[PDB]
file model.pdb (PDB, C-alpha atoms)
ATOM      1  CA  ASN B3652       0.000   0.000   0.000  1.00  0.00           C
ATOM      2  CA  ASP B3653       1.667   3.182  -1.227  1.00  0.00           C
ATOM      3  CA  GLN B3654       0.712   6.353  -3.105  1.00  0.00           C
ATOM      4  CA  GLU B3655       1.099   4.692  -6.515  1.00  0.00           C
ATOM      5  CA  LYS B3656      -0.771   1.365  -6.509  1.00  0.00           C
ATOM      6  CA  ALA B3657      -2.474  -1.229  -4.322  1.00  0.00           C
ATOM      7  CA  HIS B3658      -1.101  -4.775  -4.465  1.00  0.00           C
ATOM      8  CA  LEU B3659      -2.486  -7.899  -2.781  1.00  0.00           C
ATOM      9  CA  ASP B3660      -0.745 -11.161  -3.680  1.00  0.00           C
ATOM     10  CA  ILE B3661      -1.292 -14.549  -2.026  1.00  0.00           C
ATOM     11  CA  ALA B3662       0.404 -17.783  -3.090  1.00  0.00           C
ATOM     12  CA  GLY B3663       0.131 -21.348  -1.830  1.00  0.00           C
ATOM     13  CA  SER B3664       2.234 -24.416  -2.622  1.00  0.00           C
ATOM     14  CA  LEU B3665       1.261 -27.950  -1.568  1.00  0.00           C
ATOM     15  CA  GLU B3666       3.648 -30.895  -1.985  1.00  0.00           C
ATOM     16  CA  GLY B3667       3.079 -34.533  -1.078  1.00  0.00           C
ATOM     17  CA  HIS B3668       4.100 -38.065  -1.960  1.00  0.00           C
ATOM     18  CA  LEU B3669       0.664 -39.229  -3.132  1.00  0.00           C
ATOM     19  CA  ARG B3670       2.131 -42.210  -4.974  1.00  0.00           C
ATOM     20  CA  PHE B3671       0.472 -45.291  -3.424  1.00  0.00           C
ATOM     21  CA  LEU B3672      -2.964 -43.823  -4.203  1.00  0.00           C
ATOM     22  CA  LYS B3673      -2.424 -43.054  -7.893  1.00  0.00           C
ATOM     23  CA  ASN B3674      -2.217 -46.857  -8.238  1.00  0.00           C
ATOM     24  CA  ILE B3675      -5.946 -47.544  -8.011  1.00  0.00           C
ATOM     25  CA  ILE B3676      -8.176 -49.514 -10.389  1.00  0.00           C
ATOM     26  CA  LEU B3677     -11.876 -48.940 -11.017  1.00  0.00           C
ATOM     27  CA  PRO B3678     -13.614 -52.355 -10.979  1.00  0.00           C
ATOM     28  CA  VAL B3679     -16.912 -50.811 -12.109  1.00  0.00           C
ATOM     29  CA  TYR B3680     -15.195 -49.543 -15.274  1.00  0.00           C
ATOM     30  CA  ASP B3681     -12.844 -52.553 -15.051  1.00  0.00           C
ATOM     31  CA  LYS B3682     -10.075 -50.053 -15.822  1.00  0.00           C
ATOM     32  CA  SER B3683      -7.520 -48.270 -13.690  1.00  0.00           C
ATOM     33  CA  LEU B3684      -7.227 -44.631 -12.647  1.00  0.00           C
ATOM     34  CA  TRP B3685      -4.634 -43.532 -15.201  1.00  0.00           C
ATOM     35  CA  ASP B3686      -6.214 -45.718 -17.890  1.00  0.00           C
ATOM     36  CA  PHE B3687      -9.549 -43.934 -17.531  1.00  0.00           C
ATOM     37  CA  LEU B3688      -7.811 -40.553 -17.223  1.00  0.00           C
ATOM     38  CA  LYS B3689      -5.512 -41.438 -20.153  1.00  0.00           C
ATOM     39  CA  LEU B3690      -2.711 -39.741 -18.194  1.00  0.00           C
ATOM     40  CA  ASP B3691       0.592 -41.419 -17.324  1.00  0.00           C
ATOM     41  CA  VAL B3692       2.831 -38.879 -15.569  1.00  0.00           C
ATOM     42  CA  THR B3693       2.046 -38.494 -11.846  1.00  0.00           C
ATOM     43  CA  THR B3694      -1.018 -40.636 -12.492  1.00  0.00           C
ATOM     44  CA  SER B3695       0.054 -44.096 -13.619  1.00  0.00           C
ATOM     45  CA  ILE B3696       2.608 -44.707 -10.864  1.00  0.00           C
ATOM     46  CA  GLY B3697       2.280 -41.553  -8.788  1.00  0.00           C
ATOM     47  CA  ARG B3698       5.374 -39.402  -8.332  1.00  0.00           C
ATOM     48  CA  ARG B3699       5.820 -36.382  -5.977  1.00  0.00           C
ATOM     49  CA  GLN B3700       2.494 -34.549  -6.249  1.00  0.00           C
ATOM     50  CA  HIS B3701       2.028 -30.775  -6.323  1.00  0.00           C
ATOM     51  CA  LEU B3702      -0.782 -28.222  -6.124  1.00  0.00           C
ATOM     52  CA  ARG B3703      -0.318 -24.507  -6.802  1.00  0.00           C
ATOM     53  CA  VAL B3704      -2.685 -21.623  -6.067  1.00  0.00           C
ATOM     54  CA  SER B3705      -2.044 -17.977  -6.914  1.00  0.00           C
ATOM     55  CA  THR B3706      -4.172 -14.878  -6.350  1.00  0.00           C
ATOM     56  CA  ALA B3707      -3.076 -11.497  -7.704  1.00  0.00           C
ATOM     57  CA  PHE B3708      -4.875  -8.173  -7.239  1.00  0.00           C
ATOM     58  CA  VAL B3709      -3.420  -4.944  -8.635  1.00  0.00           C
ATOM     59  CA  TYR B3710      -4.998  -1.494  -8.715  1.00  0.00           C
ATOM     60  CA  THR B3711      -3.350   1.516 -10.353  1.00  0.00           C
ATOM     61  CA  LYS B3712      -3.970   5.034  -9.060  1.00  0.00           C
ATOM     62  CA  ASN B3713      -2.591   8.459  -9.838  1.00  0.00           C
ATOM     63  CA  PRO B3714      -0.657  10.236  -7.064  1.00  0.00           C
ATOM     64  CA  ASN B3715      -2.310  13.531  -8.061  1.00  0.00           C
ATOM     65  CA  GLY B3716      -5.487  12.487  -9.908  1.00  0.00           C
ATOM     66  CA  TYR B3717      -8.027  15.043  -8.673  1.00  0.00           C
ATOM     67  CA  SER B3718      -6.073  17.327  -6.324  1.00  0.00           C
ATOM     68  CA  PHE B3719      -8.204  20.072  -4.748  1.00  0.00           C
ATOM     69  CA  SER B3720      -5.906  21.976  -2.385  1.00  0.00           C
ATOM     70  CA  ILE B3721      -6.149  25.342  -0.650  1.00  0.00           C
ATOM     71  CA  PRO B3722      -4.044  28.012  -2.433  1.00  0.00           C
ATOM     72  CA  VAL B3723      -1.148  29.070  -0.192  1.00  0.00           C
ATOM     73  CA  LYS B3724       1.295  31.914  -0.912  1.00  0.00           C
ATOM     74  CA  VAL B3725       4.819  31.777   0.542  1.00  0.00           C
ATOM     75  CA  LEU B3726       6.738  35.036   0.227  1.00  0.00           C
ATOM     76  CA  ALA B3727       9.664  35.100   2.672  1.00  0.00           C
ATOM     77  CA  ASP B3728       8.732  33.896   6.175  1.00  0.00           C
ATOM     78  CA  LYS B3729       4.927  33.784   6.198  1.00  0.00           C
ATOM     79  CA  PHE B3730       2.163  31.864   4.450  1.00  0.00           C
ATOM     80  CA  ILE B3731      -0.677  33.996   3.063  1.00  0.00           C
ATOM     81  CA  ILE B3732      -3.934  32.342   1.984  1.00  0.00           C
ATOM     82  CA  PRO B3733      -6.717  34.327   0.250  1.00  0.00           C
ATOM     83  CA  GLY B3734      -9.609  33.377   2.507  1.00  0.00           C
ATOM     84  CA  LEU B3735     -13.222  34.406   2.021  1.00  0.00           C
ATOM     85  CA  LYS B3736     -13.544  38.200   1.804  1.00  0.00           C
ATOM     86  CA  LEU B3737     -16.512  38.814   4.102  1.00  0.00           C
ATOM     87  CA  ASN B3738     -16.544  42.483   5.145  1.00  0.00           C
ATOM     88  CA  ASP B3739     -18.414  42.033   8.413  1.00  0.00           C
ATOM     89  CA  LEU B3740     -15.797  42.075  11.187  1.00  0.00           C
ATOM     90  CA  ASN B3741     -12.757  44.401  11.622  1.00  0.00           C
ATOM     91  CA  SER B3742      -9.982  44.573   9.021  1.00  0.00           C
ATOM     92  CA  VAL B3743      -6.868  43.370  10.879  1.00  0.00           C
ATOM     93  CA  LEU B3744      -5.894  42.900  14.530  1.00  0.00           C
ATOM     94  CA  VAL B3745      -2.374  43.599  15.810  1.00  0.00           C
ATOM     95  CA  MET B3746      -1.388  41.998  19.113  1.00  0.00           C
ATOM     96  CA  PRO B3747       1.838  43.596  20.429  1.00  0.00           C
ATOM     97  CA  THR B3748       4.379  41.866  22.656  1.00  0.00           C
ATOM     98  CA  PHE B3749       3.299  40.870  26.159  1.00  0.00           C
ATOM     99  CA  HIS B3750       5.534  40.043  29.130  1.00  0.00           C
ATOM    100  CA  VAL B3751       4.262  37.289  31.421  1.00  0.00           C
ATOM    101  CA  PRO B3752       5.009  38.202  35.064  1.00  0.00           C
ATOM    102  CA  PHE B3753       7.030  35.922  37.349  1.00  0.00           C
ATOM    103  CA  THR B3754       8.977  34.593  34.335  1.00  0.00           C
ATOM    104  CA  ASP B3755      10.968  35.720  31.282  1.00  0.00           C
ATOM    105  CA  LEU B3756       8.711  34.640  28.405  1.00  0.00           C
ATOM    106  CA  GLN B3757       8.927  37.011  25.422  1.00  0.00           C
ATOM    107  CA  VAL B3758       6.014  36.617  23.000  1.00  0.00           C
ATOM    108  CA  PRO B3759       6.561  38.543  19.733  1.00  0.00           C
ATOM    109  CA  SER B3760       3.793  40.571  18.138  1.00  0.00           C
ATOM    110  CA  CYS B3761       1.255  39.082  15.739  1.00  0.00           C
ATOM    111  CA  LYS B3762      -0.862  40.439  12.879  1.00  0.00           C
ATOM    112  CA  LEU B3763      -4.055  38.429  12.349  1.00  0.00           C
ATOM    113  CA  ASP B3764      -6.100  39.012   9.191  1.00  0.00           C
ATOM    114  CA  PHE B3765      -9.845  38.463   8.789  1.00  0.00           C
ATOM    115  CA  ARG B3766     -10.259  38.597   4.999  1.00  0.00           C
ATOM    116  CA  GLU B3767      -7.165  36.443   4.381  1.00  0.00           C
ATOM    117  CA  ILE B3768      -5.071  34.106   6.531  1.00  0.00           C
ATOM    118  CA  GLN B3769      -1.508  35.060   7.478  1.00  0.00           C
ATOM    119  CA  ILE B3770       0.683  32.643   9.441  1.00  0.00           C
ATOM    120  CA  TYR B3771       4.316  33.144  10.432  1.00  0.00           C
ATOM    121  CA  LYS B3772       6.699  30.475   9.153  1.00  0.00           C
ATOM    122  CA  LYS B3773       8.950  30.671  12.226  1.00  0.00           C
ATOM    123  CA  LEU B3774       8.028  31.548  15.816  1.00  0.00           C
ATOM    124  CA  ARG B3775      10.750  32.407  18.319  1.00  0.00           C
ATOM    125  CA  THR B3776      10.517  31.846  22.078  1.00  0.00           C
ATOM    126  CA  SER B3777      13.226  33.317  24.297  1.00  0.00           C
ATOM    127  CA  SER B3778      14.799  31.560  27.267  1.00  0.00           C
ATOM    128  CA  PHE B3779      13.162  31.804  30.681  1.00  0.00           C
ATOM    129  CA  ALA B3780      13.439  30.255  34.136  1.00  0.00           C
ATOM    130  CA  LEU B3781      12.368  30.763  37.759  1.00  0.00           C
ATOM    131  CA  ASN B3782      14.036  32.129  40.916  1.00  0.00           C
ATOM    132  CA  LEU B3783      14.489  29.320  43.456  1.00  0.00           C
ATOM    133  CA  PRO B3784      17.452  29.574  45.864  1.00  0.00           C
ATOM    134  CA  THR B3785      19.362  26.359  46.614  1.00  0.00           C
ATOM    135  CA  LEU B3786      17.074  24.456  44.236  1.00  0.00           C
ATOM    136  CA  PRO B3787      17.479  22.943  40.754  1.00  0.00           C
ATOM    137  CA  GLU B3788      16.360  25.742  38.444  1.00  0.00           C
ATOM    138  CA  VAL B3789      14.896  24.475  35.164  1.00  0.00           C
ATOM    139  CA  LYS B3790      15.999  26.911  32.461  1.00  0.00           C
ATOM    140  CA  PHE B3791      14.331  26.501  29.075  1.00  0.00           C
ATOM    141  CA  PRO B3792      16.545  27.816  26.243  1.00  0.00           C
ATOM    142  CA  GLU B3793      15.148  29.580  23.181  1.00  0.00           C
ATOM    143  CA  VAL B3794      13.188  27.563  20.622  1.00  0.00           C
ATOM    144  CA  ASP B3795      12.406  28.406  16.985  1.00  0.00           C
TER     145      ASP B3795
ATOM    146  CA  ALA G3844      21.942  14.521  62.497  1.00  0.00           C
ATOM    147  CA  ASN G3845      24.737  15.591  64.852  1.00  0.00           C
ATOM    148  CA  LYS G3846      22.097  16.609  67.403  1.00  0.00           C
ATOM    149  CA  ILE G3847      20.400  13.201  67.322  1.00  0.00           C
ATOM    150  CA  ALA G3848      23.307  10.765  66.891  1.00  0.00           C
ATOM    151  CA  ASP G3849      26.631  12.717  66.927  1.00  0.00           C
ATOM    152  CA  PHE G3850      27.155  11.772  63.273  1.00  0.00           C
ATOM    153  CA  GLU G3851      26.843  14.285  60.443  1.00  0.00           C
ATOM    154  CA  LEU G3852      25.439  13.210  57.082  1.00  0.00           C
ATOM    155  CA  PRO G3853      27.786  13.101  54.071  1.00  0.00           C
ATOM    156  CA  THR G3854      27.243  16.082  51.792  1.00  0.00           C
ATOM    157  CA  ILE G3855      25.653  15.319  48.416  1.00  0.00           C
ATOM    158  CA  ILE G3856      26.087  17.698  45.474  1.00  0.00           C
ATOM    159  CA  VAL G3857      23.937  16.687  42.492  1.00  0.00           C
ATOM    160  CA  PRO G3858      25.130  18.795  39.521  1.00  0.00           C
ATOM    161  CA  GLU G3859      23.543  20.114  36.312  1.00  0.00           C
ATOM    162  CA  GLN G3860      21.360  17.797  34.249  1.00  0.00           C
ATOM    163  CA  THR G3861      20.334  18.152  30.606  1.00  0.00           C
ATOM    164  CA  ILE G3862      16.830  16.929  29.774  1.00  0.00           C
ATOM    165  CA  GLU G3863      16.038  16.283  26.112  1.00  0.00           C
ATOM    166  CA  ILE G3864      12.806  17.504  24.520  1.00  0.00           C
ATOM    167  CA  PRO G3865      12.463  15.691  21.173  1.00  0.00           C
ATOM    168  CA  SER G3866      11.868  17.605  17.955  1.00  0.00           C
ATOM    169  CA  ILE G3867       8.112  17.154  17.725  1.00  0.00           C
ATOM    170  CA  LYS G3868       6.155  17.660  14.510  1.00  0.00           C
ATOM    171  CA  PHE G3869       2.419  18.044  13.905  1.00  0.00           C
ATOM    172  CA  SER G3870       1.179  17.557  10.339  1.00  0.00           C
ATOM    173  CA  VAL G3871      -2.244  18.959   9.439  1.00  0.00           C
ATOM    174  CA  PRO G3872      -4.163  18.392   6.173  1.00  0.00           C
ATOM    175  CA  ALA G3873      -4.023  20.923   3.355  1.00  0.00           C
ATOM    176  CA  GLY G3874      -6.290  19.498   0.656  1.00  0.00           C
ATOM    177  CA  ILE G3875      -7.855  16.405  -0.915  1.00  0.00           C
ATOM    178  CA  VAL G3876      -6.032  14.293  -3.502  1.00  0.00           C
ATOM    179  CA  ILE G3877      -8.368  11.619  -4.893  1.00  0.00           C
ATOM    180  CA  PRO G3878      -6.579   9.384  -7.441  1.00  0.00           C
ATOM    181  CA  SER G3879      -8.200   8.670 -10.789  1.00  0.00           C
ATOM    182  CA  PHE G3880      -9.082   5.117 -11.771  1.00  0.00           C
ATOM    183  CA  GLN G3881      -6.790   3.776 -14.488  1.00  0.00           C
ATOM    184  CA  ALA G3882      -6.464  -0.012 -14.181  1.00  0.00           C
ATOM    185  CA  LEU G3883      -7.768  -2.881 -12.064  1.00  0.00           C
ATOM    186  CA  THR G3884      -6.483  -6.426 -12.588  1.00  0.00           C
ATOM    187  CA  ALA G3885      -7.579  -9.569 -10.750  1.00  0.00           C
ATOM    188  CA  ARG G3886      -5.974 -12.885 -11.689  1.00  0.00           C
ATOM    189  CA  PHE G3887      -6.749 -16.290 -10.169  1.00  0.00           C
ATOM    190  CA  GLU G3888      -4.680 -19.330 -11.140  1.00  0.00           C
ATOM    191  CA  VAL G3889      -4.794 -22.963 -10.029  1.00  0.00           C
ATOM    192  CA  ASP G3890      -2.248 -25.542 -11.186  1.00  0.00           C
ATOM    193  CA  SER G3891      -2.499 -29.309 -10.807  1.00  0.00           C
ATOM    194  CA  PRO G3892      -1.451 -31.987 -13.297  1.00  0.00           C
ATOM    195  CA  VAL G3893      -5.077 -33.015 -13.671  1.00  0.00           C
ATOM    196  CA  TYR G3894      -6.452 -29.482 -13.773  1.00  0.00           C
ATOM    197  CA  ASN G3895      -4.922 -26.135 -14.692  1.00  0.00           C
ATOM    198  CA  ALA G3896      -7.299 -23.173 -14.717  1.00  0.00           C
ATOM    199  CA  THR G3897      -6.751 -19.440 -15.078  1.00  0.00           C
ATOM    200  CA  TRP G3898      -9.173 -16.523 -14.853  1.00  0.00           C
ATOM    201  CA  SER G3899      -8.117 -12.948 -15.584  1.00  0.00           C
ATOM    202  CA  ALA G3900     -10.345  -9.881 -15.191  1.00  0.00           C
ATOM    203  CA  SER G3901      -9.005  -6.536 -16.419  1.00  0.00           C
ATOM    204  CA  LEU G3902     -10.986  -3.298 -16.087  1.00  0.00           C
ATOM    205  CA  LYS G3903      -9.348  -0.254 -17.678  1.00  0.00           C
ATOM    206  CA  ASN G3904     -10.411   3.375 -18.065  1.00  0.00           C
ATOM    207  CA  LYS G3905      -8.856   5.100 -21.091  1.00  0.00           C
ATOM    208  CA  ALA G3906      -9.920   8.574 -22.245  1.00  0.00           C
ATOM    209  CA  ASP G3907     -13.729   8.421 -22.144  1.00  0.00           C
ATOM    210  CA  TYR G3908     -14.218   4.674 -22.509  1.00  0.00           C
ATOM    211  CA  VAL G3909     -13.998   1.793 -20.054  1.00  0.00           C
ATOM    212  CA  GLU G3910     -12.642  -1.482 -21.414  1.00  0.00           C
ATOM    213  CA  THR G3911     -13.352  -4.840 -19.781  1.00  0.00           C
ATOM    214  CA  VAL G3912     -11.451  -7.989 -20.758  1.00  0.00           C
ATOM    215  CA  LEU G3913     -12.346 -11.378 -19.275  1.00  0.00           C
ATOM    216  CA  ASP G3914     -10.275 -14.512 -19.854  1.00  0.00           C
ATOM    217  CA  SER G3915     -11.243 -17.945 -18.543  1.00  0.00           C
ATOM    218  CA  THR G3916      -9.158 -20.914 -19.671  1.00  0.00           C
ATOM    219  CA  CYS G3917      -8.998 -24.444 -18.330  1.00  0.00           C
ATOM    220  CA  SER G3918      -7.118 -27.647 -19.089  1.00  0.00           C
ATOM    221  CA  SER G3919      -7.435 -31.172 -17.729  1.00  0.00           C
ATOM    222  CA  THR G3920      -6.662 -34.817 -18.498  1.00  0.00           C
ATOM    223  CA  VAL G3921      -9.963 -35.304 -20.360  1.00  0.00           C
ATOM    224  CA  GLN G3922     -10.353 -34.286 -24.001  1.00  0.00           C
ATOM    225  CA  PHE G3923     -13.573 -32.366 -23.256  1.00  0.00           C
ATOM    226  CA  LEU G3924     -12.454 -30.333 -20.233  1.00  0.00           C
ATOM    227  CA  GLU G3925     -10.081 -27.849 -21.913  1.00  0.00           C
ATOM    228  CA  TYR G3926     -11.858 -24.656 -22.936  1.00  0.00           C
ATOM    229  CA  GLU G3927     -11.200 -20.987 -23.553  1.00  0.00           C
ATOM    230  CA  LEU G3928     -13.630 -18.104 -23.039  1.00  0.00           C
ATOM    231  CA  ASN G3929     -12.727 -14.521 -23.927  1.00  0.00           C
ATOM    232  CA  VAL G3930     -14.846 -11.377 -23.600  1.00  0.00           C
ATOM    233  CA  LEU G3931     -13.982  -7.851 -24.737  1.00  0.00           C
ATOM    234  CA  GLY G3932     -16.301  -4.967 -23.937  1.00  0.00           C
ATOM    235  CA  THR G3933     -15.773  -1.277 -24.716  1.00  0.00           C
ATOM    236  CA  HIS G3934     -18.168   1.254 -23.177  1.00  0.00           C
ATOM    237  CA  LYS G3935     -17.590   4.859 -24.245  1.00  0.00           C
ATOM    238  CA  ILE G3936     -19.440   7.648 -22.435  1.00  0.00           C
ATOM    239  CA  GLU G3937     -20.125  10.835 -24.405  1.00  0.00           C
ATOM    240  CA  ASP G3938     -22.075  13.465 -22.437  1.00  0.00           C
ATOM    241  CA  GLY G3939     -24.290  10.708 -21.026  1.00  0.00           C
TER     242      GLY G3939
END
call {"tool": "encode", "arguments": {"input": "model.pdb", "output": "structure tokens"}}
result
Amino acid sequence: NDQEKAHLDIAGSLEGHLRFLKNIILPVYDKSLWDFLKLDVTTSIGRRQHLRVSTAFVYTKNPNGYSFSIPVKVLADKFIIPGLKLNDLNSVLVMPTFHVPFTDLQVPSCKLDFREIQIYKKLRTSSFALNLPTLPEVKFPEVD
Amino acid sequence: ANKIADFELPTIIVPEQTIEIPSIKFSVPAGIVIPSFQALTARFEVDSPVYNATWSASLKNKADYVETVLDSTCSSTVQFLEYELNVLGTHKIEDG
């Protein structure tokens, strides 16, 4: 199962030594097995006997086919998507930086759009810790 | 400890530790990608030296027509058990 095709294949092999049973005679026909079958190999004497079964299922699909995807614009460091232009709410909201007390978290500003969708490719979080004397202070370094 | 048993505890100094936070990734859908039907093949085969049979069904979709090919062959030790059936059907759709 991949993005190209679907493949289901099952095989079975049966081997035996059904030799003593190929040597049977039909008294009602007054003729033997292989005589009535008119087959000698594997049938007259009975050699190593085999049975093979094979099942193959293949479906072909296109990796693109019908691809309906949302249009996304990538300029430098932000993805801009032309969402539905419904002029009902405000135009754009700017959330400046905010400092969380009792820690050192630095959240950068954001610009959220109503008509379109703007997302920032990279988000940067500064390092911050606590103030615990004679205790193991867990300092979290910056993450992008 | 010295107050209770005149024996002070050994001093333990447990240093810095570095805890790993794995690089986590969340993948969210963007759009639908529904593949187009091109070909479907189903083959069944049985082999025995008294009976060898093979059926093959092939359903193809080319341009605006679906083709369907059916093969059914069989062989045996009796001179009236070995047959071949073939079927070819083309169905072209033009605006209904």
call {"tool": "residues_around", "arguments": {"input": "model.pdb", "residues": "residue 3782 of chain B", "least_positions_apart": "5", "cutoff": "9 Å", "atoms": "only C-alpha atoms", "output": "list in words"}}
result
residues 3753, 3754 and 3788 of chain B
call {"tool": "residues_around", "arguments": {"input": "model.pdb", "residues": "residue 3876 of chain G", "least_positions_apart": "6", "cutoff": "7 Å", "atoms": "all atoms listed in the file", "output": "VMD selection string"}}
result
chain B and resid 3715 to 3719
call {"tool": "resolve_selection", "arguments": {"input": "model.pdb", "expression": "the PyMOL selection byres ((chain G) within 9 of (chain B))", "output": "count of residues only"}}
result
25
call {"tool": "axis_aligned_box", "arguments": {"input": "model.pdb", "around": "segment 3891-3905 of chain G", "padding_each_side": "4 Å", "output": "lines of an AutoDock Vina configuration file"}}
result
center_x = -6.2
center_y = -14.0
center_z = -15.9
size_x = 17.5
size_y = 46.1
size_z = 18.3
call {"tool": "residues_near_point", "arguments": {"input": "model.pdb", "point": "(-16.1, -1.9, -23.7)", "cutoff": "6 Å", "atoms": "only C-alpha atoms", "output": "list in words"}}
result
residues 3909, 3910, 3911, 3932, 3933 and 3934 of chain G
call {"tool": "resolve_selection", "arguments": {"input": "model.pdb", "expression": "the PyMOL selection byres ((chain G and resi 3929) around 7)", "output": "JSON list (two decimals) with C-alpha atoms, keeping the file's coordinate frame"}}
result
[["chain", "number", "residue", "atom", "x", "y", "z"],
["G", 3913, "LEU", "CA", -12.35, -11.38, -19.27],
["G", 3914, "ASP", "CA", -10.28, -14.51, -19.85],
["G", 3915, "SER", "CA", -11.24, -17.94, -18.54],
["G", 3927, "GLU", "CA", -11.20, -20.99, -23.55],
["G", 3928, "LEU", "CA", -13.63, -18.10, -23.04],
["G", 3930, "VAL", "CA", -14.85, -11.38, -23.60],
["G", 3931, "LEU", "CA", -13.98, -7.85, -24.74]]
call {"tool": "atom_distance", "arguments": {"input": "model.pdb", "atom1": "atom CA of residue 3736 of chain B", "atom2": "atom CA of residue 3771 of chain B"}}
result
20.5 Å
call {"tool": "decode", "arguments": {"input": "model.pdb", "residues": "segment 3869-3883 of chain G", "atoms": "N, CA, C and O atoms", "output": "PDB file, in the first residue's frame"}}
result
ATOM      1  N   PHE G3869       3.840  18.259  14.146  1.00  0.00           N
ATOM      2  CA  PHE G3869       2.419  18.044  13.905  1.00  0.00           C
ATOM      3  C   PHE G3869       2.121  18.363  12.448  1.00  0.00           C
ATOM      4  O   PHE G3869       2.429  19.463  11.974  1.00  0.00           O
ATOM      5  N   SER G3870       1.527  17.407  11.745  1.00  0.00           N
ATOM      6  CA  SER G3870       1.179  17.557  10.339  1.00  0.00           C
ATOM      7  C   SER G3870      -0.335  17.648  10.219  1.00  0.00           C
ATOM      8  O   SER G3870      -1.055  16.759  10.688  1.00  0.00           O
ATOM      9  N   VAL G3871      -0.812  18.720   9.597  1.00  0.00           N
ATOM     10  CA  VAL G3871      -2.244  18.959   9.439  1.00  0.00           C
ATOM     11  C   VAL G3871      -2.595  18.926   7.956  1.00  0.00           C
ATOM     12  O   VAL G3871      -1.757  19.281   7.113  1.00  0.00           O
ATOM     13  N   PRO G3872      -3.806  18.506   7.592  1.00  0.00           N
ATOM     14  CA  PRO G3872      -4.163  18.392   6.173  1.00  0.00           C
ATOM     15  C   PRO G3872      -4.220  19.749   5.489  1.00  0.00           C
ATOM     16  O   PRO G3872      -4.483  20.787   6.099  1.00  0.00           O
ATOM     17  N   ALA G3873      -3.965  19.722   4.180  1.00  0.00           N
ATOM     18  CA  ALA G3873      -4.023  20.923   3.355  1.00  0.00           C
ATOM     19  C   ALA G3873      -5.160  20.824   2.345  1.00  0.00           C
ATOM     20  O   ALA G3873      -5.966  21.751   2.216  1.00  0.00           O
ATOM     21  N   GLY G3874      -5.229  19.708   1.622  1.00  0.00           N
ATOM     22  CA  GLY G3874      -6.290  19.498   0.656  1.00  0.00           C
ATOM     23  C   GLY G3874      -6.571  18.035   0.380  1.00  0.00           C
ATOM     24  O   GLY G3874      -5.950  17.152   0.980  1.00  0.00           O
ATOM     25  N   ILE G3875      -7.504  17.766  -0.530  1.00  0.00           N
ATOM     26  CA  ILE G3875      -7.855  16.405  -0.915  1.00  0.00           C
ATOM     27  C   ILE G3875      -7.128  16.064  -2.205  1.00  0.00           C
ATOM     28  O   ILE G3875      -6.942  16.911  -3.084  1.00  0.00           O
ATOM     29  N   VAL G3876      -6.682  14.815  -2.300  1.00  0.00           N
ATOM     30  CA  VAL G3876      -6.032  14.293  -3.502  1.00  0.00           C
ATOM     31  C   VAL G3876      -6.641  12.915  -3.745  1.00  0.00           C
ATOM     32  O   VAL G3876      -6.213  11.915  -3.161  1.00  0.00           O
ATOM     33  N   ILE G3877      -7.645  12.855  -4.613  1.00  0.00           N
ATOM     34  CA  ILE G3877      -8.368  11.619  -4.893  1.00  0.00           C
ATOM     35  C   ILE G3877      -7.845  11.054  -6.210  1.00  0.00           C
ATOM     36  O   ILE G3877      -8.085  11.661  -7.265  1.00  0.00           O
ATOM     37  N   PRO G3878      -7.151   9.919  -6.200  1.00  0.00           N
ATOM     38  CA  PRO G3878      -6.579   9.384  -7.441  1.00  0.00           C
ATOM     39  C   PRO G3878      -7.648   8.968  -8.440  1.00  0.00           C
ATOM     40  O   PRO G3878      -8.753   8.563  -8.072  1.00  0.00           O
ATOM     41  N   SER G3879      -7.302   9.075  -9.719  1.00  0.00           N
ATOM     42  CA  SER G3879      -8.200   8.670 -10.789  1.00  0.00           C
ATOM     43  C   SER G3879      -8.015   7.194 -11.119  1.00  0.00           C
ATOM     44  O   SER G3879      -6.895   6.676 -11.146  1.00  0.00           O
ATOM     45  N   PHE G3880      -9.134   6.515 -11.366  1.00  0.00           N
ATOM     46  CA  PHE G3880      -9.082   5.117 -11.771  1.00  0.00           C
ATOM     47  C   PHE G3880      -8.410   4.987 -13.129  1.00  0.00           C
ATOM     48  O   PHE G3880      -8.786   5.667 -14.089  1.00  0.00           O
ATOM     49  N   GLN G3881      -7.412   4.108 -13.210  1.00  0.00           N
ATOM     50  CA  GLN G3881      -6.790   3.776 -14.488  1.00  0.00           C
ATOM     51  C   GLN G3881      -6.951   2.293 -14.795  1.00  0.00           C
ATOM     52  O   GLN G3881      -7.481   1.947 -15.855  1.00  0.00           O
ATOM     53  N   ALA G3882      -6.550   1.408 -13.885  1.00  0.00           N
ATOM     54  CA  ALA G3882      -6.464  -0.012 -14.181  1.00  0.00           C
ATOM     55  C   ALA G3882      -6.758  -0.826 -12.931  1.00  0.00           C
ATOM     56  O   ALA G3882      -6.323  -0.484 -11.827  1.00  0.00           O
ATOM     57  N   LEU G3883      -7.491  -1.921 -13.125  1.00  0.00           N
ATOM     58  CA  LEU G3883      -7.768  -2.881 -12.064  1.00  0.00           C
ATOM     59  C   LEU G3883      -7.654  -4.281 -12.643  1.00  0.00           C
ATOM     60  O   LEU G3883      -8.392  -4.633 -13.567  1.00  0.00           O
TER      61      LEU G3883
END
